[PDB]
Amino acid sequence: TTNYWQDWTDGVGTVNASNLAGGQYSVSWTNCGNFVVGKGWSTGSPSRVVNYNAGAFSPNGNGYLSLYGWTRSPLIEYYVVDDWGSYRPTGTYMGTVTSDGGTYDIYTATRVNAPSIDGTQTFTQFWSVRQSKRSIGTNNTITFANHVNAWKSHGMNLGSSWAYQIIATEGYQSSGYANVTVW
Ligand SMILES: O[C@@H]1[C@@H](O)[C@H](O)OC[C@H]1O
């Protein structure tokens, strides 16, 4: 089960996040800047199988629902995006991976002098983005090893030092509400 609660916001707009029982959380936001809220594990694993049920995911504008985390050495931000609002995230196309009943496009991207778990840094993003939005309110599994190994085949090797790993609600200049249980 989960051991970690993440509640990060850049302070722009109103973001109200609740650390509920077990692996459950909720977040309501209005005209946010950027925020990342979710539950998961303080140390990510490339072989973790993550389950979640989004009782609600209703962005009004740009919001994502993703398996989300960081490695260091090198500094990499990674996503497995199952749902989004008005904006589907993309980068440089690398291929596809089919996992847990969905097909995901794979992308890389460079972020130059950008916010990160270690402050302003130049780093890389690894993305799997579902080709269509996954069903909301169902018990959904992300078999992360499939994504890790699909990424490896394209030279997207994750860092050797693992930071947190969560099912994250992320908003960008938007409003919305989400309620999610992770295990
Ligand atoms: O973990 C936070 C990350 O989610 C955000 O993107 O940049 C600052 C970090 O502390």
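Values below: all heavy atoms of this structure, side chains included; hydrogens, waters and symmetry mates excluded. By convention here, the first residue in the shown sequence is residue 1.
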Just by distance, with hydrogens left out, do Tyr177 and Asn60 show a side-chain donor and acceptor under 3.5 Å apart?
no

Could you measure the distance from the OG atom of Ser18 to the OH atom of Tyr25? Nearest 0.5 Å is fine.
12.0 Å

For residues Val37 and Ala17, report the shortest heavy-atom separation together with the two atoms involved.
CG1-CB, 3.9 Å

Just so I know, are the side chains of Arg134 and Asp100 near enough to count as touching, which here means a heavy-atom distance under 4.5 Å?
yes

Between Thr122 (side chain only) and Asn113 (backbone N and O only), is there a donor and an acceptor less than 3.5 Å apart?
yes

Side chains of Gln131 and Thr96, heavy atoms from C-beta outward: is any pair under 4.5 Å?
yes

Worked verdict on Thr14 versus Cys32 for side chain to side chain contact (heavy atoms under 4.5 Å, CB included):
CA-CA 6 Å; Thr14 70; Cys32 69; over 6 Å; no

Going by distance alone, is a donor N or O of one side chain under 3.5 Å from an acceptor N or O of the other, for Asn140 and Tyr52?
yes

Does some side-chain heavy atom of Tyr104 sit less than 4.5 Å from a side-chain heavy atom of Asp82?
yes

Quick one: does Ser66's side chain get under 4.5 Å of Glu170's, heavy atoms only?
no

Please check if the side chain of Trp162 supplies one atom and the backbone of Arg72 the other of a donor-acceptor pair under 3.5 Å.
no

Yes or no on side chain to side chain contact (heavy atoms under 4.5 Å, CB included) for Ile142 and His147, after CA distance, side-chain angles and deciding distance?
CA-CA 9 Å; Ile142 295 172; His147 296 273; 4.0 Å; yes

Quick one, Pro59 and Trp29 - any side-chain contact, counting heavy atoms below 4.5 Å?
yes

Give, for atom OG1 of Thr124 and atom CZ of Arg111, the distance between the pair rounded to the nearest 0.5 Å.
11.0 Å

Report yes or no: do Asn51 and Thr141 form a side-chain donor-acceptor pair below 3.5 Å?
yes

Any heavy-atom pair between the side chains of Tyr78 and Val148 that's under 4.5 Å?
no

Say whether, by atom type as modelled, one donor and one acceptor occur between the side chain of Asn3 and the main chain of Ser42 under 3.5 angstrom.
yes

Please name all residues satisfying salt bridge (charged side-chain N to carboxylate O under 4.0 Å, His left out) with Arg88, sequence neighbours left out, ordered by chain then number.
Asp105

Share the residues that join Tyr64 in a hydrophobic cluster, the rule being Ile, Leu, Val, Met, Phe, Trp or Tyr side chains under 4.5 Å apart at the heavy-atom level.
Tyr4, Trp8, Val36, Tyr68, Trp70, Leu75, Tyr79, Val81, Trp84, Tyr87, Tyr93, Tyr107, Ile117, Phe123, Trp127, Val129, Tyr164, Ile166

Strictly distance-based, threshold 3.5 Å: is any side-chain N or O of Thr71 a donor or acceptor partner for the main-chain N or O of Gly159?
yes

d(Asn62 CG, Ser175 OG) to nearest 0.5 Å is 11.5 Å

Between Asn53 and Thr181, a side-chain donor and acceptor under 3.5 Å
no

Would you say that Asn179 contacts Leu20 through its side chain, given a criterion of any heavy-atom pair below 4.5 Å between the two side chains?
yes

If hydrophobic clusters are built from ILVMFWY residues whose side chains come within less than 4.5 Å, do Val182 and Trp5 share one?
yes

Is it the case that the side chain of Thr120 and the backbone of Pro115 share a donor-acceptor pair, with hydrogens and angles ignored and the cut-off at 3.5 Å?
no

Check: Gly171 main-chain N/O paired with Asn34 side-chain donor or acceptor under 3.5 Å:
yes

Under 3.5 Å, side chain of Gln165 to main-chain N/O of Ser45, donor-acceptor pair present?
yes

side-chain hydrogen bond (donor to acceptor under 3.5 Å, both in side chains) partners of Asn19, counting only residues at least two apart:
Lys39

Does a side-chain heavy-atom distance below 4.5 Å link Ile106 with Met156?
yes

Flag, side chain of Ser128 to backbone of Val80, donor-acceptor distance under 3.5 Å
no

Is the side chain of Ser116 donor-acceptor paired with the backbone N or O of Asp118 at a distance under 3.5 Å, no angle test?
yes

